[PDB]
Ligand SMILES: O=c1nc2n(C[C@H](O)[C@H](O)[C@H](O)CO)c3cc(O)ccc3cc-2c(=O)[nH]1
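As a starting point, one isolated chain is supplied in structure tokens, in the form deposited without the named molecule.
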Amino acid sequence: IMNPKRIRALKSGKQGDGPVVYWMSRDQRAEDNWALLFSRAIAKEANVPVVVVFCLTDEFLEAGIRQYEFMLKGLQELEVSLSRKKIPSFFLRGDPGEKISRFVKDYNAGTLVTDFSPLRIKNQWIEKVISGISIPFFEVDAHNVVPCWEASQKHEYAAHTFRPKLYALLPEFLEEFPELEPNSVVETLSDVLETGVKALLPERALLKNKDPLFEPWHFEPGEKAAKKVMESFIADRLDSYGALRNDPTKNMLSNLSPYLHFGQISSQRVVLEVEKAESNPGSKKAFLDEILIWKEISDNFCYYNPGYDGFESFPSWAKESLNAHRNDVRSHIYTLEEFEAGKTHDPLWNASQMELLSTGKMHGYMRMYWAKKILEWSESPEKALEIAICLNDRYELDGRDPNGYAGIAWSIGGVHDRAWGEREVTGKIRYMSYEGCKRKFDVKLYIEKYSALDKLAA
């Protein structure tokens, strides 16, 4: 019943007579998960129960309370949802390449399954796991509508090369999800969420008046809330998306990106629901292009350039152009600290930084601006990269994500873009100006909203 182009064999072996174990990692939800649906099947095709394992890692120390609380409040709800269908969830603390490896032994796992990520480190882990299990090891793309290694086989130069590949594959791969069959047969998150927050408090972004910057109430975490954010977008916001998606003063975005990043909702379900929805076709076309083409070319990009977060993976015309302007006199140079605390000369730029700092989700359009100004106002393209990756990943609820590196790459280095008119400092890299912003939206509204923060933020 499940399309088998979704499964890839990591380590062929003989099946053990124990349970099927889903090493969960990317797709932290219970519904609409091909990898957990696939685990139920081969557990049922062998009469063993299915179980799920998650592994907390030391990565959360590289970002903030905001995301750790987002993720873990998701797991507390997941965990209950899984128990309801009799599927135990066990949570591990440490390096997967050792902990998953042990778990597979201590539990006599018959077969191992994991969801798919393109980030370098998940493959580092897969290979320590492969190297230490005797059972078989299976990988299922639960994140993409069309499995990343099937849509294309090379790096897609631009979205217009990639778009027909994927759409010709859609009619075979866009299906409804079966329901999750309950089966028949470590630590507690409570303490895990407390130790982490006690460890992350020293970094928690505060204002001069001691209070935190972050506003936790713009995005309730979990599978439930995410489903409600999709249903709402589809009824109130999808008709307006094409027209109003570049207005930072509206709130016409879907606001799914923090759910999708953590897999708290399946992008395949959004597609299904949008397709079936009767709205302005131009909005459905413009929205599907984001959640389909751009989301998955971002996976295609990471999976095929391991240097995804470095200057080297820029296309050639862009490396040479930026090189030629390495010795240009930047108008302004800021340090990482100065960007962070919104101390530029450009009250629009600082505004988008206040929106990132306090909410954890910067508007789609401003994110572009945000990034191209860092290039202009740093001493080199490598610092621009570094500052951009650092701030994005540390402050976006949807950061540490393929969409993130591929998005910066587009802004700073023209991955998936094209060559525009040569400029000093920024080369042939597409330019964006404050007056360019002015004909698109009421700049001073934006500026006005977050003006009150910068005075207070230290």
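A residue's number is simply how far along the shown sequence it sits, counting from 1.
What comes next is about the form solved in complex with the named molecule, which is not displayed.
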| item | value |
| --- | --- |
| Steric status of site, the named molecule superimposed as seen in the deposited bound form, threshold 2.4 angstroms to backbone or C-beta | open |
| Candidate site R40, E79 and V185: all three near the named molecule in the deposited bound form by heavy atom within 4.5 Å | no |
| Region of this chain that lies against the named molecule in the deposited bound form, out of 317-325, 158-166, 111-119, 347-355 [heavy atom, 4.5 Å] | 111-119 |
| Contact test in the deposited bound form: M71 vs the named molecule, heavy atoms, 4.5 Å | yes |
| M24, heavy atom within 4.5 angstroms of the named molecule in the deposited bound form | yes |
| 4.5 angstroms heavy atom contact with the named molecule in the deposited bound form for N33 | no |
| Interface membership of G399, the named molecule in the deposited bound form, 4.5 Å heavy atom rule | yes |
| Partner contacts in the deposited bound form for 47-68 (non-hydrogen atom within 4.5 angstroms of the named molecule) | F54, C55, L56, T57, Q67 |
